[PDB]
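Listed below, chain by chain, are the residues.
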Amino acid sequence: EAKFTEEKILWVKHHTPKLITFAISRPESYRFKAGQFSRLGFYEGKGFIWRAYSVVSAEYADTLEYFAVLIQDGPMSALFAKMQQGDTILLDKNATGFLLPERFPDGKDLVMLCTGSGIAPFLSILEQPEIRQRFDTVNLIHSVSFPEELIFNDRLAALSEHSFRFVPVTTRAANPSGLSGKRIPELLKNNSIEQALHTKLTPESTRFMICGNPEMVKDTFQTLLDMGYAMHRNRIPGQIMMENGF
Ligand SMILES: Cc1cc2nc3c(=O)[nH]c(=O)nc-3n(C[C@H](O)[C@H](O)[C@H](O)COP(=O)(O)OP(=O)(O)OC[C@H]3O[C@@H](n4cnc5c(N)ncnc54)[C@H](O)[C@@H]3O)c2cc1C
Ligand SMILES: [Cl-]
Ligand SMILES: [Cl-]
Ligand SMILES: [Cl-]
Ligand SMILES: [Cl-]
Ligand SMILES: [Cl-]
Ligand SMILES: [Cl-]
Ligand SMILES: [Cl-]
Ligand SMILES: [Cl-]
Ligand SMILES: [Cl-]
Ligand SMILES: [Cl-]
Ligand SMILES: [Cl-]
Ligand SMILES: [Cl-]
Ligand SMILES: [Cl-]
Ligand SMILES: [Cl-]
Ligand SMILES: [Cl-]
Ligand SMILES: [Cl-]
Ligand SMILES: [Mg+2]
């Protein structure tokens, strides 16, 4: 039949004026792997608008949750700003994406590097019980500009205290819980992330996932290549998986 279903907005939560999470109804048939993204849409007049969002809720949850940043003059953002419980939202029947951590072998140290809304797929991955079982440590570094944008900080700091480590990074504001004033590629170069994790990072033992703004993803990838890491490919184990967050 159609390539999508009509779902309902269940609720919208403002964490700041411009950062929302929201939940939608989940059809019985909708399957995804943690780390993948949905395509969400609205009827607009006689046409459509569609955008991709990483699922932030657990694979086993009974709803689908998403984390969206509201962009000035952005067309989907204007619709998100007006939507409310009971409104129709369209859900593409297929989930997509290759941020699939179980393609890395058990026993490694998993290091997730993200910016902004790029934390979203890693939230779903952290809800998989087997991820902290399979990997020796699970580490999440979330870079934003200002500490107000660390909207999962209280939750992830509490989970932090097979260890889970959370390192917040604020690139434009000085936060005397994490690291401040520098972006993730620089913090890899100067060993600050390794020091914050209290875990030596090596190509043999570390496996990276990257999700963030395109410039950060590129700069982080190139930095890791300089440090001796390689992309995961079909036949290459490698140490890096990456996806642009927009
Ligand atoms: C695979 C994939 C996964 C995505 N996952 C998410 C997600 O989990 N959460 C989310 O909020 N967005 C996500 N995005 C972006 C999302 O699809 C939209 O682009 C976003 O909601 C803005 O839509 P818009 O129509 O208001 O603006 P658009 O017309 O789509 O974009 C306008 C401009 O806003 C900027 N922009 C867009 N999205 C972002 C963002 N998230 N952070 C910073 N700047 C941005 C870009 O400069 C873009 O050119 C994803 C995109 C892709 C391709
Ligand atoms: Cl609502
Ligand atoms: Cl599923
Ligand atoms: Cl959930
Ligand atoms: Cl903006
Ligand atoms: Cl509606
Ligand atoms: Cl797979
Ligand atoms: Cl970002
Ligand atoms: Cl956060
Ligand atoms: Cl500034
Ligand atoms: Cl700038
Ligand atoms: Cl400051
Ligand atoms: Cl960064
Ligand atoms: Cl090594
Ligand atoms: Cl960018
Ligand atoms: Cl390459
Ligand atoms: Cl290959
Ligand atoms: Mg499964």
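Draft legend 1. Seen up close, the site of ligand 1. Not every one of the 17 residues close to ligand 1 is listed here, only the nearest: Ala52, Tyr53, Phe67, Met76 and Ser77. Here an oxygen atom of ligand 1 and a side-chain polar atom of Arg51 are 2.9 Å apart. A distance of 3.1 Å is found between an oxygen atom of ligand 1 and a backbone nitrogen or oxygen belonging to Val69. For ligand 1, the protein covers 71% of the area, taking 870 Å² as the surface of the free molecule. Those elements that place two or more of their residues in the shell around ligand 1 are strand 4 (47–54), strand 5 (63–69) and helix 1 (75–82). Looking at the shell around ligand 1 element by element, the count peaks at four residues for strand 4. Broken down by class, the residue content of the shell around ligand 1 amounts to eleven nonpolar, five polar and one charged. Two domains each donate at least three residues to the shell around ligand 1, and these are domain 1 (1–96) and domain 2 (97–246).

Draft legend 2. Broad picture of the sheet that holds strand 3 (residues 37–44). Judged by pairing direction, the sheet is antiparallel, and its six strands sit side by side in the order 4-3-6-1-2-5 without closing on themselves. Each having just a single partner strand, strand 4 and strand 5 make up the two edges of the open sheet. Strand-to-strand twist across the sheet, computed as the mean angle between neighbouring axes with direction ignored, equals 40°. As paired strands, strand 3 and strand 6 (residues 88–92) are joined by two bridges and run antiparallel to one another. Paired with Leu40 across the two strands is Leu91, which belongs to strand 6. Across the sheet, helix 1 lies against strand 2 (19–25), strand 3, strand 4 and strand 5, angled at about 85° from strand 4, the strand it touches most.

Draft legend 3. Inspection of the nonpolar core at higher detail. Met112, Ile119, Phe122, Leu140, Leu156 and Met209 are the most contacted members of the largest nonpolar core, which totals 27 residues. At the level of elements, strand 7 (109–115), helix 2 (120–126), strand 8 (137–144), strand 9 (164–170) and strand 10 (206–212) are the ones that each hand at least two residues to this core. Per-element accounting of this core gives the leading share, five residues, to helix 2. When residues of this core are assigned to domains, at least three map to each of domain 1 (1–96) and domain 2 (97–246). Apart from residues no more than four positions distant in its own chain, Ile119 is found in contact with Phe67, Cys114, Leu140, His142, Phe152 and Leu156.

Draft legend 4. Focus on the pattern of salt bridges. Applying the stated criterion across every chain yields a total of six salt bridges. Note that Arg134 and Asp106 form a salt bridge whose closest N and O atoms lie 4.0 Å from each other. On the criterion of sequence distance, the pair formed by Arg134 in helix 3 (residues 129–134) and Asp106 in the loop between strand 6 and strand 7 is long-range, its members being 28 residues apart. The class for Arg134 is partly exposed, based on a relative accessible area of 27%. Residue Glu186 pairs with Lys182 through a salt bridge whose shortest N-O separation is 3.0 Å. Residue classification places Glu186 among the partly exposed residues on the basis of a relative accessible area of 38%.

Draft legend 5. Representation of the domain arrangement of the protein chain. In terms of domains, the protein chain is made up of domain 1 (1–96) and domain 2 (97–246). Relative placement of domain 1 and domain 2: their C-alpha centres are 25 Å apart. On the side of domain 2, 20 residues touch domain 1, which itself brings 20 residues to the contact. Here domain 1 packs against domain 2, burying approximately 1,500 Å² in sum over the two surfaces, 64% of which is carbon and sulfur. On the domain 1 side of the interface with domain 2, the three residues burying the most area are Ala34, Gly35 and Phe67, jointly 33% of the side's total. Across the contact surface, domain 1 and domain 2 share zero salt bridges. Along the contact surface separating domain 1 from domain 2 lie four residue pairs in polar contact. If you list the elements that add at least two residues to the side of domain 1 that touches domain 2, you get strand 1 (4–16), strand 2 and strand 5. The class makeup of the residues in the side of domain 1 that touches domain 2 is ten nonpolar, eight polar and two charged.

Draft legend 6. Expanded view of unusual backbone geometry. In this model, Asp73 sits at a positive phi of 70°, which is unusual for a non-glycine residue. The topology assignment puts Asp73 in the loop between strand 5 and helix 1. Relative accessible area serves as the criterion here: at 74%, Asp73 is assigned to the exposed category.

Parameters and conventions
- Residues numbered from 1 in each chain as written, not as in the entry; some residues may be left out.
- Chains lettered and ligands numbered in written order.
- Heavy atoms only, no water.
- Residues with missing side-chain atoms left out of burial classes, pairs and counts.
- Near = heavy atom within 4 Å.
- Polar contact = N/O pair within 3.5 Å; in protein donor to acceptor, adjacent residues only side chain to side chain.
- Areas by Shrake-Rupley, 256 points an atom, 1.4 Å probe, with all protein chains shown as cover.
- Helix = DSSP H or I, 4+ residues; strand = E, 2+ residues; numbered from the N terminus.
- Nonpolar A, V, L, I, M, F, W, Y, C, P; charged D, E, K, R; others polar.
- Domains from an automatic or database assignment.
- Pairing = 2+ DSSP bridges.
- Axes fitted to C-alpha atoms, helices over the stretch in contact; angles between N-to-C directions.
- Contact = heavy atoms within 4.5 Å.
- Core = buried A, V, L, I, M, F, W, Y, C linked by side-chain atoms within 4.5 Å.
- Buried < 20%, exposed > 50% of the residue type's maximum accessible area, 1.4 Å probe, protein only.
- Salt bridge = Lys/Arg side-chain N within 4 Å of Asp/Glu carboxyl O.
- Buried area = accessible area lost by both parts, 1.4 Å probe.

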